[PDB]
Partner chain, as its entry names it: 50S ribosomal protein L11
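Presented as structure tokens, the chain that follows is alone, the form deposited without its partner chain.
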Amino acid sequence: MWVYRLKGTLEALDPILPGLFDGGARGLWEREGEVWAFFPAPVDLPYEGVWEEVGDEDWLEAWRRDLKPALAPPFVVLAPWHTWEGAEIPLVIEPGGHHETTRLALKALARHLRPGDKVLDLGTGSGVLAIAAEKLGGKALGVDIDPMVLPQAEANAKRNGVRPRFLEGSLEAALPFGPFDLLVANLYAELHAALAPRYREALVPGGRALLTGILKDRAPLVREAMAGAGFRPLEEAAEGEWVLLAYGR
């Protein structure tokens, strides 16, 4: 589809709106003192608007403009352009916080992390959990096997005024910086089950593992593997079909 953009408000352009619809407009939007009229293809119009074809960039931009802060107590997840007036701890993250598992992990982190604790965020992605860990007074390393995500993780951190360490790799790559007081891992059940004995090795005695990305029907696999590795269960929570399991070492 194509947009015909006109300078002015809907109120001001009221006289010509019927003409736009007569010409085949199927949508109208007022956006920052312009009216955008949407058509299957350009047609001859006497209104001195400009034609442009709508692309993926336009969809992404419109959706981004519609994003709202996402609560994840004690945090609020914000886009870089959001303001926040409340008491919640802000976490500013470039949109790719809405996800159930990030909400679960942030809540669990606030409960199990203590100021001064050394944290491993395994599969850091956007860096959100490592960044939250720093905001809570922890000292975080975020690792990801995908090096491509790390520059954005660093940018997010800077925007939040904290500096976790970010590294390319998996669990093996983190061990040199260990052992850790707490590991948080938003992965999936089968991977947690495989990694359980290495989780034990990554953590000090008395340390914590917060595991999410677990589908409810796969939770038994994780309970079994974590018990096998000598962890004790502390807390469970769910949102939608997703669970977080918290363990002590």
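Residue numbers count along the first chain shown, from 1. Basically, rigid core = biggest C-alpha set you can superpose within 1.5 Å across the two forms. Residues that one form lacks are left out of the comparison.
In what follows, reference is made to the form deposited with its partner chain bound, a form of this protein that is not presented.
By the criterion of a heavy atom within 4.5 Å, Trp51 is excluded from the residues contacting its partner chain in the entry with it bound.
In the entry with it bound, its partner chain stays beyond 4.5 Å of every heavy atom belonging to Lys107. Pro18 belongs to the set of residues with a heavy atom inside 4.5 Å of its partner chain in the entry with it bound. Using a 4.5 angstroms limit between non-hydrogen atoms, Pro46 touches its partner chain in the entry with it bound.
The contact residue chosen from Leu234, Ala238, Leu10, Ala227 relative to its partner chain in the entry with it bound is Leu10, the criterion being a non-hydrogen atom within 4.5 angstroms.
Only one of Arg114, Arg163, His82, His98 lies close to its partner chain in the entry with it bound, with a heavy atom inside 4.5 Å, and it is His98.
With contact defined as any non-hydrogen atom lying within 4.5 angstroms of its partner chain in the entry with it bound, the contacting residues in 15-44 are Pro15, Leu17, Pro18, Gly19, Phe21, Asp22, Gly23, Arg26, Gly27, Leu28, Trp29, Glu30, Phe38, given in sequence order. With the core held fixed, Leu215 shows a CA shift below 2 Å between this form and the one not shown. Relative to the superposed core, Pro197 undergoes a Cα shift smaller than 2 Å between this form and the one not shown. After superposition on the rigid core, displacement of the C-alpha of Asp181 between this form and the one not shown stays below 2 Å. Relative to the shown form, the CA atoms of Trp242 and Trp63 are brought 3 Å or more closer together in the entry with it bound. When the two forms are fitted on their rigid core, the residues between this form and the one not shown that move as runs of three or more, each C-alpha shifted by 2 Å or more, fall in 1-55, 58-66.
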